[PDB]
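Encoded as structure tokens, the following chain is the form deposited in one PDB entry, with no partner shown.
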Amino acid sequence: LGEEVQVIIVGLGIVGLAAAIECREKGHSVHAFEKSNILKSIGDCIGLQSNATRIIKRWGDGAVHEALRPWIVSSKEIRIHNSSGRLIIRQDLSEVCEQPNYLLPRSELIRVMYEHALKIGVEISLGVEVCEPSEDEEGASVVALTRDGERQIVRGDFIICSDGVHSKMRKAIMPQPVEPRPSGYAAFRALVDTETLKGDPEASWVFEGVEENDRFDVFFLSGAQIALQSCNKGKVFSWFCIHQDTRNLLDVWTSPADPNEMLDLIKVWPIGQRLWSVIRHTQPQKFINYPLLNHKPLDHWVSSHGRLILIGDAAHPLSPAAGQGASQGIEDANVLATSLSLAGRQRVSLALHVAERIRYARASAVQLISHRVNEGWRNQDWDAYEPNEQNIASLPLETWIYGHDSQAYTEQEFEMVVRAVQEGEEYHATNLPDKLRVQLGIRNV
């Protein structure tokens, strides 16, 4: 017959934009829907590791990577300090940053990806909340709701559910929700106002060397782990502070936290004032206190008829750390688009199920390693013990993660995964260490 493949994408965060670009560059017709005004600045910085940048580098013949070049990480080490600000450990980043990594405001990453998606012909509809997905053996559909209450049925060959950690699409796949477990920790975090930071002489130290090497400082205080970073030659500074918090906080990016809670936490220790000299230039409405919740892996990501798939934080939400949360979502988009092109238009359900088998254990392993990091904090004493790079929130920094080429793996393994899906056998993926799958309690889909 020959009609274009019709892809529906629900949610244009990082992962939905990546999926839109990957699918459109395979020639599909892509209609993406997003309920919020995503061009408005919100949040702070996102990191992307080499497993994500090697995917991004292929897009638009390298054009997106060229746009992101100012944001390539130039830190060569993490400088880890105690509560007096004395340097204890320099953790070398030369292998992690052998290939490009990015650090940049999330809103700027969104803007660059959005502009590329428009340029290549992704159809985008903002101010639309998608609900009520359905599917049968031949296609899928959703209801698109504008804010003024107009309803429209939208039909497609399959739905990519990239609607984030609070995904309402997720109830179409998993009938019952599993509530995440609070880690007992939260992260104060924000961007600093660079203009007021400049011209505060008591904060001038933070600019030292940032035009040659991005700042990447960590400080361990009793009950407080503070990271301070710069990017794009000192144009942007960001920070976070991991701390105990048992309040019933919502995991959203929209509510202003009390800056004095952060000040009280750090000002009683020797380095606190020096840290505050920079962090006090955070705009008073931009202080975020984000709870770190641990989500268990889902039983599966693909719907009964194989025409809806959860990817990104809808499927495997992690704490904002490493860059690996976002980076795993970008691998979702790449593997899914590659699977769709190897399977062909007549085998959509196969393509989605193959993508799931390739992604599931690897994504779940990154998720469970993330849990181990914040579960370790309850047994630690950051005042009594010397600072330990093993305790930093930026972990894991593992070659089997950031060195991986998800597209090449998918090409090589596609026919083997097809046989597993069609025969109903387990697929033992080798895109994570052999013993890691069994070691973490991971149950194959």
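Note that the rigid core is defined as the largest set of C-alphas that superpose within 1.5 Å between two forms. Residues that one form lacks are left out of the comparison. One rule holds for the numbers: they count along the sequence shown, beginning at 1.
Enquirer: Which is higher on average in the deposited entry, the C-alpha temperature factors of 143 to 151 or of 105 to 113?
Expert: Between 143 to 151 and 105 to 113, it is 143 to 151.
Enquirer: Averaged over C-alpha atoms, is the B-factor higher for 356 to 364 or for 197 to 205 in this PDB entry?
Expert: Going by the record's values, the stretch with the higher mean is 197 to 205.
Enquirer: Using the temperature factors in the entry, find which of 53, 29, 407, 36 has the highest value at its Cα atom.
Expert: Among 53, 29, 407, 36, the PDB entry lists the largest C-alpha B-factor for 29.
Enquirer: Going by the CA temperature factor in the entry, name the top one among 274, 189, 171, 166.
Expert: If I rank 274, 189, 171, 166 by C-alpha B-factor, first place goes to 171.
Enquirer: How does residue 243 rank on Cα B-factor within its chain, lowest, middle or highest third?
Expert: According to the entry, residue 243 has a C-alpha B-factor in the chain's lowest third.
Enquirer: By the record's CA B-factor, is residue 312 among the lowest, middle or highest third of residues in the chain?
Expert: Bottom third by C-alpha B-factor.
Enquirer: Based on the entry's values, in what third of the chain does the Cα temperature factor of residue 92 lie: lowest, middle or highest?
Expert: Highest third.
Enquirer: Would the CA B-factor of residue 387 place it in the lowest, middle or highest third of its chain?
Expert: Middle third - that is where residue 387 ends up once the chain's C-alpha B-factors are sorted.
Enquirer: According to the PDB entry, is the CA B factor of residue 178 in the bottom, middle or top third of its chain, that is, lowest, middle or highest?
Expert: For residue 178, the deposited C-alpha B-factor lands in the highest third.
The next section is about a form of this same protein that is not shown, the form solved in complex with a small molecule.
Enquirer: Go through 59 to 67, 384 to 392, 22 to 30, 403 to 411 and give me the stretch that gets within 4.5 Å of the small molecule in the deposited bound form, heavy atoms only.
Expert: Of the options given, it is 384 to 392.
Enquirer: Since only the chain is shown here, I'm wondering whether residue 225 would be in contact with the small molecule in the deposited bound form (any heavy atom pair within 4.5 Å).
Expert: Output for residue 225 is yes: heavy atoms within 4.5 Å of the small molecule.
Enquirer: Is there a non-hydrogen atom of residue 364 within 4.5 angstroms of a non-hydrogen atom of the small molecule in the deposited bound form?
Expert: Close contact is absent here: in the deposited bound form, residue 364 is far from the small molecule, nothing within 4.5 Å, heavy atoms only.
Enquirer: Any chance residue 342 has a heavy atom within 4.5 Å of the small molecule in the deposited bound form?
Expert: Residue 342: no, not in contact with the small molecule in the deposited bound form.
Enquirer: Would you check, heavy atoms only and a 4.5 Å threshold, whether residue 355 touches the small molecule in the deposited bound form?
Expert: It does not: once the small molecule is placed as it appears in the deposited bound form, residue 355 has no heavy atom within 4.5 Å of it.
Enquirer: Only one of 140, 266, 192, 218 has a non-hydrogen atom within 4.5 angstroms of the small molecule in the deposited bound form; which is it?
Expert: Answer to the contact question: 218.
Enquirer: Have a look at 351, 333, 309, 242 for me and say which one sits with a heavy atom within 4.5 Å of the small molecule in the deposited bound form.
Expert: Comparing distances to the small molecule in the deposited bound form, the residue within 4.5 Å is 242.
Enquirer: With the core superposed, a Cα shift of 2 Å or more between the shown form and the other one singles out one residue among 403, 396, 60, 43. Which one is it?
Expert: If I go through the list carefully, the shifting residue is 396.
Enquirer: Could you tell me whether the Cα atom of residue 382 shifts by at least 2 Å between the shown form and the other one after core superposition?
Expert: The answer is yes; the displacement is at least 2 Å.
Enquirer: Does the C-alpha of residue 308 move 2 Å or more between the shown form and the other one once the rigid core is lined up?
Expert: Moves: no, less than 2 Å.
Enquirer: So with the core overlaid, does the Cα of residue 330 end up 2 Å or more away between the shown form and the other one?
Expert: No, shifts by less than 2 Å.
Enquirer: Are residue 395 and residue 359 closer or farther apart at the Cα level in the deposited bound form than shown, by 3 Å or more?
Expert: Residue 395 and residue 359 sit closer together in the deposited bound form.
Enquirer: So the CA-CA distance for residue 296 and residue 322 moves by at least 3 angstroms in the deposited bound form. Closer or farther than here?
Expert: Relative to the displayed form, residue 296 and residue 322 draw closer in the deposited bound form - a change of at least 3 Å between their C-alphas.
Enquirer: Segments of at least 3 residues with every CA displaced 2 Å or more between the shown form and the other one, core-aligned, in sequence order?
Expert: The segments that shift (3 or more residues, C-alpha shift of 2 Å or more) are 321 to 323, 372 to 385, 388 to 396.
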